[PDB]
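These are the residues of each chain, in order.
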Amino acid sequence: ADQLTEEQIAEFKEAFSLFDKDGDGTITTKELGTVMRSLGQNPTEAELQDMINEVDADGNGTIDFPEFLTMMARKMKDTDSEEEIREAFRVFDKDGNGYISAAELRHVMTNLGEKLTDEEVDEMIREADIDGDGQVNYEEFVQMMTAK
Amino acid sequence: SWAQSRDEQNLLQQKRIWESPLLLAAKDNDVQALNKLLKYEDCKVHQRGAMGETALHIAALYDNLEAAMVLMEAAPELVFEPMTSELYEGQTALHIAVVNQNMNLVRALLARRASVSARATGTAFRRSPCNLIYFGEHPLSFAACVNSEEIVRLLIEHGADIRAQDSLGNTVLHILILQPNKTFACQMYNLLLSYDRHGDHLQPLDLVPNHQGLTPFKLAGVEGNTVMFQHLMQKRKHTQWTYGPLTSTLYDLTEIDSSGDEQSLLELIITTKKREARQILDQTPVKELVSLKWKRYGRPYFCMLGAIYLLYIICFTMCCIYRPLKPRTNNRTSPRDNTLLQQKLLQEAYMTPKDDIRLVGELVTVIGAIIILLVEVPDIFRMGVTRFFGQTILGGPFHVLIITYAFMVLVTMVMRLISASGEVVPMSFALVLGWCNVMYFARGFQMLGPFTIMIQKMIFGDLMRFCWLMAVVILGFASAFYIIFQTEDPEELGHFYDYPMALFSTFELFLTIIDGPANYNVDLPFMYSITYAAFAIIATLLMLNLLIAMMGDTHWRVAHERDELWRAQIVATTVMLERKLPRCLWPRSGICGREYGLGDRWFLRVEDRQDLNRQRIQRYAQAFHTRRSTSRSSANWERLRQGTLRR
Amino acid sequence: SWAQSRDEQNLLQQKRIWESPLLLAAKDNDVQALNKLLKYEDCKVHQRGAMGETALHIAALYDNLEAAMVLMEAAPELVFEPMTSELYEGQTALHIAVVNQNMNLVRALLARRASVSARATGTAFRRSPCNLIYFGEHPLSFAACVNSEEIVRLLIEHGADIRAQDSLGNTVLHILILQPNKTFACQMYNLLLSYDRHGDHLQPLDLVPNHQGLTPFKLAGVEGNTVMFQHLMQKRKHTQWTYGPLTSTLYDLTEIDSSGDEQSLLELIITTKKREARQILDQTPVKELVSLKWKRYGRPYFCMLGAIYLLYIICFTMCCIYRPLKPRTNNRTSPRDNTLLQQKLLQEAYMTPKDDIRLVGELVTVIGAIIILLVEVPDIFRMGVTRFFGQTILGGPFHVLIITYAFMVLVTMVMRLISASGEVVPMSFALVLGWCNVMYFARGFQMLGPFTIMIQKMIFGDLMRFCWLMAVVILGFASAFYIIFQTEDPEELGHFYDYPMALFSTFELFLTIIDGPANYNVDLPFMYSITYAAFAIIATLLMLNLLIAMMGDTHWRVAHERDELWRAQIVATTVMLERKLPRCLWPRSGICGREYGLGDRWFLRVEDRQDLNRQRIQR
Ligand SMILES: [Ca+2]
Ligand SMILES: [Ca+2]
Ligand SMILES: [Ca+2]
Ligand SMILES: [Ca+2]
Ligand SMILES: [Ca+2]
């Protein structure tokens, strides 16, 4: 993780929080095991340490968020590098949480005007949201920007 | 005037560079010039700059590595030399190379046994809206904000403690909350706590107050750094079992209750001025809390409180409409029928069994008015005058009406004891302000009173700025009418027989109230028709209908930032009701501890249902894995696109 | 019929090609036609077209390379030949090859010793909204606007200067501002400066004024070409040290103040007519300037000035409401009680100590009335009359109200020296327009007065085009009522006793002011009831309530274009106040120079934060 952007931290931190089931800040064999075999399959509980000790940099038996972050640095995001969508997201995002929300996008459009109805804002977000949390990523926002 | 003297000193610096042979050769890396000038001649290198520089400072400030390395041989001591005076006091060159995010000169400077304990007590380093930064004091704190990890790490390995404090008493942690780049500084906060390996017996660095007594937990709540507030919440929640899609954690609930004297979150939330600090009430352990404080134990004492106020005012009006009255005394209407009045107010007549009933209720209003002042003795004596206005605007902007209600009741209690004549003029103000003061309870009784916020929000601002442009157009035209009907006999058209009523007369034409003066039987002068139609076309056709449209647009710019004001005002109503009410009823909220073997901390549990989000969790698992109105909505995205794009 | 003759001539061009055997063979690349027709016969090839053509022009115009090469042999001299008259004057065939952006005919033509200084002085090239383009006069300027580098480099290398001027005196630099394509012509501006090799004693090409005296910096400020304004600013700012996320810049402040008599930027901006030029005031070295000239040094002199006018009007009304009056003289009420009035205006009575005080304040208003006039004498003796209306509309459209205030004060001064009868009518206009004129200061006190922009924006337009559709529906209906109560005794229903008041009577009903006529005791005629019901459901339910919604719509199409008007108007309040006020107070702003040995120019400085993620993405 030589250089990253704020969004890339913030979304991966949401990933790490979603992946860490007990919120201890670490990842153990029991934790990674169940959520992986929640998704249909089942690794045979030997791949799990082979998952961790492949990536555990200090060998403490846990995966802290920096080890989690440098793993995603090797599973790096694609070549979507710009400058204006970067600037467009800062003007939109008031608190700078990295996730432009419903009421924020209502707020910015209100200062431009055009009187969006509450249902009409929900039609904007639900189509733009790829994974389905009702919030737009930085990665999701550029796909509405470039082409349809 | 103050900003120019700062600026003039800055241009005063550059002339010293452009005249010195040394420092101009130090601004560039003119090593050929720098070699010959130093070793040959006999000149000291203690040439102070205009803001008190040294030549060693300049190479760092214009980020020039190879020049200052030559300076180390000639100058063994100027690393130890701070800067001189009044803007950059004590700023050594170790600070400046850190601010440039590297020079690998921190290698060389710490090779020259440079102190890491210097303090930058200068003017332009203090927290102020004049400055544009706030880096604190110590070089450890300067490396904290530019987010350079190995530069931080190198400094711990040379004996730099983490418990330095500024003049405010802030630690290095408190600096990080105030930095504007939020999530990109969230990572540093975990990094520094890892170097609390020596658990000190005082407190483990996360509890240290400032000079105004604030934890770093509370400090984010004051400034609304929600993302940092989200992160510090993580170390306090304590999760129990999980059940499929269900999860039952257990929140900490210690520094967010009104138990201690510190007041601990909620009074500190409502007493700020910042708008973005109100946002914290959406976050998860707080929004759930005050709902439990309101629906249980908050609402029913509040509604039962206000009904006692309702029977108070009703009891006042009954002892208002019954007053001791005589017929008009012996003086007849001595002005020629321009003086019709008929009672003049009985003097000392109580000798009736009926008025003893009136004697009862008239005392009770006096008794209650004393109690209102007794609540408001300490409030005015402690919370300043302008400090009271800071309390005022957000959630309590009535609070003087209930004071002035207590004046006028005490005036009319005085006024009948001396028994002077003018007793009606307090009785007006003591009546309308009483019934208006029941609108304080519009917050309660349902969410069918956020109007009283908007009618506050709009009576200032909009109506206030509209009042002046009334008050001058009316001031000419009322003065215009007095000139033209000066000549006339006011037995017809008695609007305008004198000047001070003519303003009041004109005021009713402006709001389409009075009939509009016309006689149709006696000819009125020929300047009236030109002036009056010109008055009508502005006042009730241009100006007044402009008010509605100007009221129209301002209704829905604040449609969203109204509803959260209502939910904010309940919390402010809640705590004030708690503080001035004793216990042995509506107990200290949440569930008590240490019967369950946990400790004196008190808790509440929250159940919630997550989701699965199957399409996002595949790509993270494969990162582990080894070797309608659609066209309407998309046009708005196009409208979002075309308005933003370059133009 | 001006533009019709242009189309009339243009079809006549084609027919000559349709009938000349050479020229139609010149339009196509019929080589063997041009092989056979030229060398064999003995015909003169100097056949001019309908608007003055040659054979070489048509081959150039219909992009025909190989036909032109065959024309090189038979025509040693048609290279030097220009086109004839009145729309395309002097446009030689060198120009037309450049407009088609290359043909490598420039290769051929400069091999054929073609001159590069022939000036196209024709009609269809002058700057006008009639033509759809503007390309200057010189063939270098033709290559510059189409953004073709290698042609430009070629033209310098054969002896073309870069300092030619048009009829308007415009350089080739000035032409690049007026192009509609902004960013794709910004690159050319850097390129031509690289060929300014001769350090000239006169000026280094960037300071050359036109016939109305404009540097290319200032002209870009006039036309609102923001991106061009942003890029030319770059050569004048001078950066000092940088410190982490801080930056200490130092803007130049030379041609943007009101120091010289040229006035150089700011009077030029507010006196534009174009809308987009007001956008320049948001750029960084300018917005910082006027905010300093207003927060300091502008606001207290303005508010102290507006307090003085407030004490003036009070002194006027005090000497207005006390007038020399008497009871009615010997003429009793001669009409039968339709003549109630009672005072009639004293003649030459002054002999009280009270009137001495009234004499004092009356002279105060008169002396003040002269002062208003003598300020406005040099104003409209120079700035035309409709030219003053171009000054008027933007931020100072009162400026005749304070003039017509002064005439009404003079007439009532003339009136009481004559001691004539009707002295109440000049006092009327001098009293409304006095108090209405204090609304001029609504720019001040805070941003709690941009109403005076919006109420101006709405009393014109919106009310004004609504006023006629009032003024006819009232005009029938009032005339309808004068017939319908012609029969009746006006002792009851005195609304309509005669036609002239019956208009004004009806006018009170249209705005819902008068109470509406009814008697209930005398049966009023049976056609009134249908007609008056038809009046209400148009006027006070359809017609008037339409105006609120029509007002309601137009309030928020001007949401954004209201706030920038207000900050624009402060600038107009600023510089006018600076121009008429002498010095030794609130000096030429910014930091003085040449004490630091830096120059006679004066400067100012700005710090900021880079927001270093932009530094961090800079990979
Ligand atoms: Ca985990
Ligand atoms: Ca680990
Ligand atoms: Ca957000
Ligand atoms: Ca999403
Ligand atoms: Ca009425």
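Residues numbered from 1 in each chain as written, not as in the entry; some residues may be left out. Chains lettered and ligands numbered in written order. Part of a larger assembly, values for the part shown. Heavy atoms only, no water.

- Labelled according to the PDB entry, chain C appears under the name Transient receptor potential cation channel subfamily V member 6, originating from Homo sapiens.
- This structure appears in the PDB under the title "Cryo-EM structure of human TRPV6 in complex with Calmodulin".
- Turning to chain C, the UniProt record has this under Catalytic activity: "Ca(2+)(in) = Ca(2+)(out)".
- According to UniProt, the comment filed for chain C under the heading Sequence similarities is "Belongs to the transient receptor (TC 1.A.4) family. TrpV subfamily. TRPV6 sub-subfamily." (UniProt positions renumbered as here; feature names shortened; annotations may be inferred.)

- Chain A appears in the PDB entry as Calmodulin-1 from Homo sapiens.
- UniProt, in its Sequence similarities section for chain A, records the words "Belongs to the calmodulin family."

## Quick word on the overall build of chain A
Thinking step 1. Helices and strands together make up the secondary structure of chain A, namely 8 helices and 0 strands.
Thinking step 2. Listing the helices and strands of chain A from first to last along the sequence gives α-α-α-α-α-α-α-α.
Thinking step 3. With respect to the principal axes defined by its C-alpha atoms, chain A has extents near 60 × 35 × 30 Å.
Thinking step 4. In chain A, buried positions account for 41% of the 148 residues.
Thinking step 5. The long-range share in chain A, meaning contacts at least 24 apart out of those at least 6 apart in sequence, stands at 48%.
Thinking step 6. Here chain A holds 14 positive side-chain charges and 38 negative ones, and the gap between their average locations is 3 Å. (Helix = DSSP H or I, 4+ residues; strand = E, 2+ residues; numbered from the N terminus. Buried < 20%, exposed > 50% of the residue type's maximum accessible area, 1.4 Å probe, protein only. Contact = heavy atoms within 4.5 Å. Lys, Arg positive; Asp, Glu negative; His and termini not counted. Charge placed at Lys NZ, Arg CZ, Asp CG, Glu CD.)

## Some remarks on the pattern of salt bridges
Thinking step 1. Under the definition given, this model contains 49 salt bridges over all chains.
Thinking step 2. In this structure, the salt-bridge partner of B:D355 is B:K354, at a minimum N-O distance of 3.4 Å.
Thinking step 3. Taking the relative accessible area as the measure of exposure, B:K354 reaches 54% and is therefore exposed.
Thinking step 4. A salt bridge links B:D553 to B:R557; its shortest N-O distance comes to 3.4 Å.
Thinking step 5. Within this structure, B:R6, B:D7, C:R605 and C:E607 form a network of salt bridges that share partners. (Salt bridge = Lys/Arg side-chain N within 4 Å of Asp/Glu carboxyl O.)

## What about the interface of chain A and chain B?
Thinking step 1. At the junction of the two partners, chain A supplies 46 residues and chain B supplies 35 residues.
Thinking step 2. For the pair chain A and chain B, the summed buried surface comes to about 4100 Å²; carbon and sulfur atoms form 62% of the total.
Thinking step 3. Ranking the residues of chain A by area buried against chain B places A:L39, A:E123 and A:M124 at the top, with a combined share of 12%.
Thinking step 4. Across the contact surface, chain A and chain B share 7 salt bridges.
Thinking step 5. A salt bridge links A:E120 to B:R632; the shortest N-O distance between them is 3.6 Å.
Thinking step 6. Inspection of the region where chain A meets chain B yields 5 residue pairs in polar contact.
Thinking step 7. Elements represented by at least two residues in the side of chain A that touches chain B include exactly α1 (6–19), α2 (29–38), α3 (47–55), α4 (65–74), α6 (102–112), α7 (118–128) and α8 (138–145) of chain A. (Buried area = accessible area lost by both parts, 1.4 Å probe. Polar contact = N/O pair within 3.5 Å; in protein donor to acceptor, adjacent residues only side chain to side chain.)

## Description of the UniProt feature "transmembrane region" in chain C
Thinking step 1. Per the UniProt annotation, the sites labelled "transmembrane region" are residues 301–321, 359–381, 397–416, 423–442, 463–485 and 530–550 of chain C.
Thinking step 2. The span residues 397–416 of chain C is 80% helical and 0% strand by assignment, and the distance between its end C-alpha atoms comes to 32 Å.

## Considering the coordination of the calcium ion (ligand 4)
Residue and element names in this part refer to chain A.
Thinking step 1. At this site the calcium ion (ligand 4) is bound by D129 (OD), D131 (OD), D133 (OD), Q135 (O), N137 (OD1), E140 (OE) and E140 (OE), with donor distances of 2.5 to 3.0 Å.
Thinking step 2. All donor residues of the calcium ion (ligand 4) come from one chain, and their arrangement in sequence is D-x1-D-x1-D-x1-Q-x1-N-x2-E. Across this residue pair, the class does not change: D129 and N137 are buried. (Donors = N, O, S within 2.8 Å, 3.2 Å for Na, K, Ca; no water.)

## Examining a negative patch on the surface
Thinking step 1. Together, A:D78, A:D80, A:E82, A:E83 and A:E84 line one region of the surface with negative charge.
Thinking step 2. If you trace the backbone, A:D78 turns up in the loop between α4 and α5 (84–92). (Patch = residues over 30% accessible without salt bridge, like charges linked within 9 Å, V, L, I, M, F, W, Y side chains within 5 Å. Areas by Shrake-Rupley, 256 points an atom, 1.4 Å probe, with all protein chains shown as cover.)

## Notes on the sheet that holds strand β1 (residues 242–243) of chain B
Backbone-to-backbone hydrogen bonds pair the strands of a sheet. The strands run either parallel or antiparallel.
Residues and elements named next belong to chain B.
Thinking step 1. Judged by pairing direction, the sheet is antiparallel, and its 3 strands sit side by side in the order β1-β2-β3 without closing on themselves. The two strands at the open ends of the sheet, each matched to only one other strand, are β1 and β3 (604–609).
Thinking step 2. Relative to strand β2 (residues 246–251), β1 is paired through 2 bridges, and the arrangement is antiparallel. Bridge pairing links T242 to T247 in β2. (Pairing = 2+ DSSP bridges.)

## Remarks on the interface of chain B and chain C
Thinking step 1. Chain B puts 64 residues into the contact, and the matching count from chain C is 66 residues.
Thinking step 2. Where chain B abuts chain C, roughly 6700 Å² becomes buried across the two surfaces, and 69% of that area is made up of carbon and sulfur atoms.
Thinking step 3. For chain B, the biggest contributors to the area lost against chain C are B:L11, B:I483 and B:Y520; these three give 11% of the whole.
Thinking step 4. Inspection of the chain B/chain C interface yields 2 salt bridges.
Thinking step 5. Residue C:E607 pairs with B:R6 through a salt bridge whose shortest N-O separation is 4.0 Å.
Thinking step 6. Scanning the region where chain B abuts chain C turns up 9 residue pairs in polar contact.
Thinking step 7. Mapped onto the side of chain B that touches chain C, the elements with two or more residues apiece are α1 (2–19), α6 (93–99), α23 (462–484), α25 (528–539) and α26 (543–556) of chain B.
Thinking step 8. The dominant element in the side of chain B that touches chain C, judged by the number of residues it contributes, is α23(B), at 12 residues.

## Here we look at the sheet that holds strand β3 (residues 604–609) of chain C
Residue and element names in this part refer to chain C.
Thinking step 1. Spatially, β1-β2-β3 is the arrangement adopted by the 3 strands of the open sheet, whose pairing is antiparallel. Both outer strands of the open sheet, β1 (242–243) and β3, are each paired with one neighbouring strand and no more.
Thinking step 2. Here strand β2 (residues 246–251) runs beside β3; their pairing, made up of 6 bridges, is antiparallel. The residue bridging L246 from the neighbouring strand is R609, located in β3.

## With respect to the nonpolar core
Thinking step 1. In terms of nonpolar packing, the biggest core is built from 91 residues, with B:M72, B:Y88, B:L105, B:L109, B:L110, B:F142 and C:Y243 touching the most fellow members.
Thinking step 2. Among the nonpolar cores identified, the runner-up in size contains 80 residues, and C:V438, C:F466, C:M501 and C:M551 belong to it. (Core = buried A, V, L, I, M, F, W, Y, C linked by side-chain atoms within 4.5 Å.)

## A few points about the UniProt feature "binding site: Ca(2+) 1" in chain A
Residues and elements named next belong to chain A.
Thinking step 1. Under the present numbering, the feature "binding site: Ca(2+) 1" in UniProt falls on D20, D22, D24, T26 and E31.
Thinking step 2. Mapped onto the fold, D20 is located in the loop between α1 and α2.
Thinking step 3. Accessibility expressed as a relative area gives 7% for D20, which makes it buried.
Thinking step 4. Leave out the neighbours within four places in its chain, and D20 touches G25, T26 and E31.
Thinking step 5. Using a relative accessible area of 37% as the deciding quantity, one classes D24 as partly exposed.

## Quick look at the domain arrangement of chain C
Residues and elements named next belong to chain C.
Thinking step 1. Here chain C is partitioned into domain 1 (1–283 + 589–619) and domain 2 (284–588).
Thinking step 2. Computed over C-alpha atoms, the centres of domain 1 and domain 2 are 52 Å apart.
Thinking step 3. Contact residues are listed per partner, giving 24 residues for domain 1 and 20 residues for domain 2.
Thinking step 4. Interface area for domain 1 against domain 2, summed over the two sides, is near 2300 Å², with a carbon-plus-sulfur share of 61%.
Thinking step 5. Our count for the contact surface shared by domain 1 and domain 2 stands at 4 salt bridges.
Thinking step 6. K287 serves as the salt-bridge partner of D282, at 3.8 Å between the closest nitrogen and oxygen. (Domains from an automatic or database assignment.)

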